[PDB]
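>>> Take this sequence and fold it.
(chains A, B, C, D and E)
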Amino acid sequence: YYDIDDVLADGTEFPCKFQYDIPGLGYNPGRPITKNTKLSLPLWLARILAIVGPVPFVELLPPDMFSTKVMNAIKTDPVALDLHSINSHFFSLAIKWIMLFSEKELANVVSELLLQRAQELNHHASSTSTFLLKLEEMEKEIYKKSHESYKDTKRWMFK
Amino acid sequence: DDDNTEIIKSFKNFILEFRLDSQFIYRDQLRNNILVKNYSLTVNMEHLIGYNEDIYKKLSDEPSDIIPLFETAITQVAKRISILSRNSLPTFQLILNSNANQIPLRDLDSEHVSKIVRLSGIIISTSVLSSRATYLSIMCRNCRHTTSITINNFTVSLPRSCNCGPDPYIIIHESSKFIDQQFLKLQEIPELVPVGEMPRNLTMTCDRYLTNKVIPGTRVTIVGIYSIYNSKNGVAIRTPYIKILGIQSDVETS
Amino acid sequence: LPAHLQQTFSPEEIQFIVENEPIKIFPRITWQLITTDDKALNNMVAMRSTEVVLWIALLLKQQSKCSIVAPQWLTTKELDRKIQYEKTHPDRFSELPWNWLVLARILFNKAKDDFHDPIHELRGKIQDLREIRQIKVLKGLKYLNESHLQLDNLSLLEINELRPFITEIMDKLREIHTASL
Amino acid sequence: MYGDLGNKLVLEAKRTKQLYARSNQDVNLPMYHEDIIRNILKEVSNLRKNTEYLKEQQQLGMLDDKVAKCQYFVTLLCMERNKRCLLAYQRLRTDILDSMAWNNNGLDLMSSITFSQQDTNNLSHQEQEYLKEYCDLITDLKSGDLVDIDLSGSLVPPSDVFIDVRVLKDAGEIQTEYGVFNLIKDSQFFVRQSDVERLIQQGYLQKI
Amino acid sequence: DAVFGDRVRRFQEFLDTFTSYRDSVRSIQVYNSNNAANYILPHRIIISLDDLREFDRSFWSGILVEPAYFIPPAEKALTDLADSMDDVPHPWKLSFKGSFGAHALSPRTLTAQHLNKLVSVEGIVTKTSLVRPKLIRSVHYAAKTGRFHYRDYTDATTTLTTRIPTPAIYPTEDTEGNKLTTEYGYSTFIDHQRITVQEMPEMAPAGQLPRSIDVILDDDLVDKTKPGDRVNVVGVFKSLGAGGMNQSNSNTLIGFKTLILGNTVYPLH
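Numbers count the residues shown, from 1 in each chain, chains lettered A, B, ... in the order given. Sure, structure below:
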């Protein structure tokens, strides 16, 4: 799609291994790529390779970002967790990977994390410090929008 | 202590009713401070003296007996703002920075002791943090009296009464609330007034939210009270330090 | 291309809206004009109250040719029952004129000398009722779920300030959840 | 490595949004990148060339192999990727642009599109043709109404309704419409909102 | 203190459902008896914080917020479960893996909001104070009245919680007037040490001097690290000593020196 956040979200590398052999390597002098080779692929191409096959072309090995250690650590203290370090995209990204693999379990998890950030982001919606530095890019953009509504409504409040 | 009620009522009435046309600068200073979890307040003395001359008349008289009644006075206000009922909320630190008249380092000699003194010097080195106490529980070695001591500022011995004696009181560290402290040590600026002699350095204790606020080597202008501590090294010879409330670095400095 | 804001209203635009609400006035005057949407009036009688739209009252107040009446809900003795009723129902936001913030900004700029005991009082009152109500919104905002919210009785300005936030993270939240079934 | 140049390009696209965001909005886009997108177009031409080559090769050599499909699938995606970049950038460029053509033309008495848009020739002429065609496109909307509009102006509502404008080193007097305001540096005109809207966009007036 | 009982009955349940730890305790109980049949292992059971959140969040937030009231009833519960094991022929220790953190802090950022709360420090360890015994259980033998007589010595770092100090020396002729000889080698000595920890040299902000805080290492943990090693300590953050407020001497603002007890010491590279 046209927005920069999505097309940038597709740019991220995933550890997906090939189910099959594919001569005509476009990545170098294989020429074919031996079966079960683990090659990092951006999301854009890797997205429909898991569908089209009745065995798919790729295994979809779970990304290091989604490692159960992480999905566990985000259940402790999200508010102090640094998202911007790990990817940095999370919600723009994770939203695709939850549909792609059709995982229910973590929905209830991320659906919680994003409330817990936001009950914090209505707190920096009032007129940073260090914290603004650790938000995910898209989340950050929402912070601009909120902070601007508030600032403007305050500047209207007086003269 | 109906007088402390009388003073604190005036401080509440100073925070809630203060108007710079038309926003309430302090009252919003408060909210916007508790939300970021700053737990501090910065009073501008000019507004203060504008509001009542009186409370500044007493605040420049005996600061160290008053200023904590101002702290409790403001935290009793954040109780009615930041939360509502019918925790825990530390008593906020106030940082007051104001113009007045700069009093150079060389010119501090007695006579203004326990009277707020604005001044200017380059910080030498910052001392490593250490905690003082704010609220600590205490039990007796024998009768096991459970006493919650609210220690305030600004040393203070423990009470001996519930043999028993002489001082049978233990500090419970599992429930004790602690704050932080710094110890800046500042050398007055090289431009004035060294003359032919090495410039003196007064030892300063920052605390709570002013701590680690300043990188050593940066020019600053401190405000704070001026006061003396013992520190055996006679007779009697007590040595000088400047408590800081509150610090403001020079432009900008970020 | 509206640029700003654009999805939320502008703080000014909600005043632009509220000024379309009529309120009573005390004209000093004793053409026509039909205008368009007014419907009023036969020549206003001095020392006689009448009902007209706001932006004209404000307009005729700059020229001090009319004295606006104070709203019955704008009083400190009246506000007292309202914060009393608000502290005691931490959940619901009570009963609001829905414009009260913006009328509280507008009628204080000029009309201020018309109010009985306007000084250092009501502003202290509404700056308060605009405090506990705001934190009550931030503590009622933890219960966020898709798709429902009761925001009950809430000012237009209060709606407008937090709108991008709520209706954005609802659009990140509901977006995973609709799509995960 | 395969489609990544587009990720870098949109990464660069992002910074113009950063410059339009807070911001402050003066426009002044650095330049349109013709070079880097030329690289992209040479890369994609490479791609489609190997694509039709292999499309010839399946007809002979590959003989409809199961593997062949992949090349027409994966590499095809890459084409799309470049597209996904190329339009995403481009629309962004039109978004930063048409709005500018909105808020100022410019404004009374437009009366012609000139001296505006500091980018000028530095920005690509391909966009500028679109642009001039676009303001020509909006002249017709100006010509349907009969409001009067003044659609370009008055995004912010009038109050009330007379203001005070303080001259800002402008000469002047160029106020021919309605009346000769007789512009004079260091002169404030207690003038209604009407001609204020029109004259403030130019750069003459300063304090509202 | 029925609530301390509650903490024990609560931590009981956590074990054996799920049973994933119990097999490790059994392994510890078996291996030493295997050494008994032969012809060394520290007794402590590493608890992953990972698992604690699944059962109770209420008890999870507690271990971090107020470890003094929680770690010791959980501990007494662990001994209690180790004694119901097999069979006959010690306090143990908790560990706390994690699932960090909050509480994630380097030593440079700490004090006081992080005090009396579990903490994982990390940095360089220097200079590693020299390993030394520490007395705990007093054991004596009366004669000819016999029996067996023991005192229990409570130091500053005993358990976690503060207690009326027992020390020092020996009772000697506890009533009635019978002679008491010190029985050495039945009586228990836990080794004890402290090691200061400096923040990582590479994350140092400026020419500003490094700030190190001291970590006491109980029992097994002793001699586990040479100085100059990358270390991530864990432990409860303890403030011990009076600030001078106890007695007149001395006169000065300086006070309440702080250190970390325990606990794990995972090395890293």
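
>>> Just checking: what are the partner strands of the longest strand that chain C contains?
Longest strand in chain C, counting residues (DSSP state E): strand C:22-27. Here strand C:22-27 has these sheet partners by DSSP bridges: strand C:50-53 (antiparallel), strand C:66-68 (antiparallel).

>>> what does it contact?
Contact with strand C:22-27 is made by C:44-54, C:57, C:60, C:65-69, C:71, as judged by C-beta atoms under 8 Å, 6 or more residues apart in numbering or on different chains. Any C-beta I mention is one placed from the backbone N, CA and C, and that applies to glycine too.

>>> Ok, stretch D:57-72 next?
A:20-24, A:26, A:57, D:51, D:54-55.

>>> what helices or strands is the biggest helix by length in chain E leaning on?
Longest helix in chain E by number of residues, with DSSP state H as the criterion: helix E:22-37. Packed against helix E:22-37 by the contact rule (3 or more C-beta pairs under 8 Å, 6 or more residues apart in numbering or on different chains; DSSP states H and E) you find helix E:71-83.

>>> which ones are touching the residue of the stretch 1-150 of chain B found nearest chain D?
Residue nearest to chain D within the stretch 1-150 of chain B: residue B:22 (18.4 Å; C-beta to the nearest C-beta). By C-beta under 8 Å, 6+ apart, residue B:22 lies in contact with A:158, C:108, C:123.

>>> Quick one, which of those residues are buried?
The neighbour count (16 or more other C-beta atoms under 10 Å in any protein chain shown) marks C:108, C:123 as buried among the contacts of residue B:22.

>>> Save the contacts of residue B:22 as CSV, and put in secondary structure and distance to chain E too.
Putting the contacts of residue B:22 into CSV (DSSP: H, G, I helix; E, B strand; the rest coil; distance: C-beta to the nearest C-beta, whole Å) gives the following:
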residue, secondary structure, distance to chain E
A:158, coil, 35
C:108, helix, 42
C:123, helix, 37
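
>>> what residues does chain A put near chain D?
Proximity of chain A to chain D (C-beta under 8 Å from any C-beta of the partner chain) is limited to residues A:1-4, A:7-8, A:10-11, A:20-24, A:26-27, A:42, A:44-45, A:48-49, A:52, A:57, A:144.

>>> if we go to 10 Å?
A:1-8, A:10-13, A:20-24, A:26-28, A:32, A:40-42, A:44-49, A:52, A:57, A:137, A:141, A:144-145, A:147-148 (C-beta under 10 Å from any C-beta of the partner chain).

>>> Any of those residues buried? List them.
A:4-8, A:10-12, A:20, A:22, A:24, A:26, A:41-42, A:44-47, A:49, A:57, A:137, A:145, A:147-148.

>>> Next, the distance between the ends of stretch E:138-151.
One end of stretch E:138-151 to the other measures 5 Å (C-alpha to C-alpha, to the nearest Å).

>>> helices or strands up against whatever helix or strand residue C:165 lives in?
Using DSSP states H and E, residue C:165 sits in helix C:156-179. For helix C:156-179, the packing partners by 3 or more C-beta pairs under 10 Å, 6 or more residues apart in numbering or on different chains; DSSP states H and E come out as helix A:91-101, helix A:105-121, helix A:137-157, helix C:11-18, helix C:100-109, helix C:122-140.

>>> Quick one: closest of the ones you listed to residue B:15.
In terms of C-beta to C-beta, the element of those nearest to residue B:15 is helix C:122-140, at 11.2 Å.

>>> give the contact list for the residue in chain B that chain A sits nearest to.
Proximity of chain B to chain A (C-beta to the nearest C-beta) peaks at residue B:35, 4.6 Å away. Residue B:35 makes contact with A:120, A:122-127, B:82, C:135, C:138 under the criterion C-beta atoms under 10 Å, 6 or more residues apart in numbering or on different chains.

>>> Now flag whichever of these is closest to chain D.
residue A:127 (14.1 Å).

>>> Distance-wise, check the residue of the stretch 51-200 of chain E found nearest chain A relative to chain D.
Nearest to chain A in the stretch 51-200 of chain E, going by C-beta to the nearest C-beta, is residue E:102, at a distance of 4.7 Å. Residue E:102 sits 32 Å away from chain D, going by C-beta to the nearest C-beta, to the nearest Å.

>>> Contacts only, for that residue.
Residue E:102 is in contact with A:76-77, A:79-81, E:64-65, E:114, E:117-120, counting by C-beta under 10 Å, 6+ apart.

>>> The residue nearest to residue A:113 when sequence neighbours are not counted: neighbouring residues, count only.
Sequence neighbours aside, residue A:78 is the residue nearest to residue A:113 in space, at 4.7 Å (criterion: C-beta to C-beta, 6 or more residues apart in numbering or on different chains). By other C-beta atoms under 10 Å in any protein chain shown, the residues close to residue A:78 number 19.

>>> thought residue A:78 was touching residue A:117?
Yes: using C-beta atoms under 10 Å, residue A:78 is in contact with residue A:117, at 6.1 Å.

>>> so does the lengthiest helix in chain B get close to chain C?
Counting by DSSP H, the longest helix found in chain B is helix B:63-81. Yes: Helix B:63-81 lies within reach of chain C by C-beta under 10 Å from any C-beta, at B:80-81.
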